[PDB]
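Protein chains in written order, with the entry's author numbering: chain A, 987 to 1035; chain B, 346 to 444; chain C, 396 to 444; chain D, 1134 to 1183; chain E, 1134 to 1183.
Backbone N, C-alpha and C fix where the C-beta goes; we use that ideal spot for every residue, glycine too.
Following: one structure in structure tokens, then a few remarks.
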Amino acid sequence: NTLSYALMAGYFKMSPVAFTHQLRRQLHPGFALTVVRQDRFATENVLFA
Amino acid sequence: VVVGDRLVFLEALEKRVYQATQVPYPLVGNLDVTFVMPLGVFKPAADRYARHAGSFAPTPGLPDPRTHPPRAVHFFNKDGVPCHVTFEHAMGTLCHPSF
Amino acid sequence: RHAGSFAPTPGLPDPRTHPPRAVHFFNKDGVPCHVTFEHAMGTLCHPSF
Amino acid sequence: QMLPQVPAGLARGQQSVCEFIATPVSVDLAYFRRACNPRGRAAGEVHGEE
Amino acid sequence: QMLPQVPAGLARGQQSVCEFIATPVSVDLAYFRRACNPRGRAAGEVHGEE
């Protein structure tokens, strides 16, 4: 039974104009993303000469 | 002061110089790291197991929303408030002719 | 030893009762690095056998 | 110009920006626990010549 | 020569080498929890004459 739904879900197109539907409508496509970001922290160094 | 086996000066120049002027003190450095977190990975079948018997048990008579592939990540802000990332925040990349 | 096991996902056979076919240990830095049967082909697949 | 319009009011420090790198679902998860490289190959320069 | 090709950079110390020894399935597990001898026996020289 569930194989039917699995096969059916394996039939949503892969295209920007279709992603703008799938992704927004809470459906998980066959991808896995990897977020990356960069941060900065103001520290207090201790120099020596 | 004396440190190890050496006698060294010890000076902080906030008062003599840089006081009452717009210039910033050049010893407040900026560290710079970068973070990464996986979004929607799905662990293989041999690693989907509840640690104890009493899981985060759901409402009785309703399906368990834990056994499904995840579609978000929840992390913490600078203050401490939570801030989630989900697939809808990727449209800016996966909706473009560059794809 | 405890009744509460590593209880599997309900509706699926538990992968615990089968005879094991791999190990798992720690690297130098600490990353998990595992060994399984497939690594033995260099020994059990040779005319010296 | 192509520049965004100035924001009305700032709460905390300048807001960061996130990317998104596609990756097969079956990728191992333990690859992300330690300090990793998002590219997938850990190449860099310090360890490994051309 | 019959030699392997040099790898393009490596991340940690010289990678070691492991072998494999056939062994009946019913071998006692408790034999491996302490210091054991992979030969099965306890040949040595320090405990035992020839």
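Buried or exposed (CB count within 10 angstroms, at least 16 for buried), residue i
{"i": "E:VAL1160", "result": "exposed"}
{"i": "E:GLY1177", "result": "exposed"}
{"i": "A:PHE1005", "result": "buried"}
{"i": "A:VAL1021", "result": "buried"}
{"i": "A:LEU1009", "result": "buried"}
{"i": "B:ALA435", "result": "buried"}
{"i": "E:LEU1143", "result": "exposed"}
{"i": "A:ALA1018", "result": "buried"}
{"i": "B:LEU384", "result": "buried"}
Separation of residue j from residue i, as counted between CA atoms
{"i": "C:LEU439", "j": "E:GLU1152", "result": "11 Å"}
{"i": "B:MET382", "j": "B:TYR394", "result": "22 Å"}
{"i": "B:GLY406", "j": "C:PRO403", "result": "20 Å"}
{"i": "D:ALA1155", "j": "B:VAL386", "result": "11 Å"}
{"i": "E:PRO1157", "j": "D:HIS1180", "result": "43 Å"}
{"i": "A:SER1001", "j": "B:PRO442", "result": "10 Å"}
{"i": "D:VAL1139", "j": "B:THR366", "result": "28 Å"}
{"i": "C:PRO410", "j": "B:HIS413", "result": "19 Å"}
{"i": "A:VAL1003", "j": "B:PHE444", "result": "11 Å"}
{"i": "D:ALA1163", "j": "A:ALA1028", "result": "31 Å"}
{"i": "E:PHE1165", "j": "C:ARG396", "result": "21 Å"}
{"i": "C:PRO408", "j": "B:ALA390", "result": "10 Å"}
{"i": "B:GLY349", "j": "E:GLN1148", "result": "39 Å"}
{"i": "D:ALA1168", "j": "D:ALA1141", "result": "37 Å"}
{"i": "D:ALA1175", "j": "B:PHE380", "result": "16 Å"}
{"i": "B:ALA357", "j": "B:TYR363", "result": "11 Å"}
{"i": "A:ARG1011", "j": "A:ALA995", "result": "13 Å"}
{"i": "D:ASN1170", "j": "A:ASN987", "result": "41 Å"}
{"i": "A:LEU1013", "j": "A:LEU993", "result": "15 Å"}
Nearest residue (CA-CA) to residue i, options the options
{"i": "residue 1050 of chain A", "options": "A:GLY1016, A:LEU989, A:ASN987, A:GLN1024", "result": "Lying before the first or after the last residue shown, residue 1050 of chain A is absent from chain A, which here runs from 987 to 1035."}
{"i": "B:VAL373", "options": "A:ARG1010, A:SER1001, A:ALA995, A:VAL1032", "result": "A:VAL1032"}
{"i": "C:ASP424", "options": "E:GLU1183, E:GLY1146, E:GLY1142", "result": "E:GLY1146"}
{"i": "B:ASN375", "options": "A:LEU993, A:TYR991, A:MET994, A:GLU1030", "result": "A:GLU1030"}
Integer-rounded CB distance, given that residue j should sit under 8 Å from residue i
{"i": "B:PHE432", "j": "B:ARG416", "result": "6 Å"}
{"i": "A:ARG1023", "j": "D:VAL1150", "result": "7 Å"}
Close Cβ partners of residue i (< 7 Å) along its chain, the five nearest in sequence each way excluded
{"i": "B:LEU355", "result": "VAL346"}
{"i": "B:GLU359", "result": "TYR370"}
Residues near residue i in its chain [Cβ-Cβ closer than 8 Å; skip 5 each side]
{"i": "C:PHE421", "result": "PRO427, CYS428"}
{"i": "E:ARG1172", "result": "none"}
{"i": "C:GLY437", "result": "none"}
{"i": "C:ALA398", "result": "none"}
Own chain partners of residue i with C-beta closer than 6 Å, once the 5 adjacent residues on each side are dropped
{"i": "B:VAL430", "result": "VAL418"}
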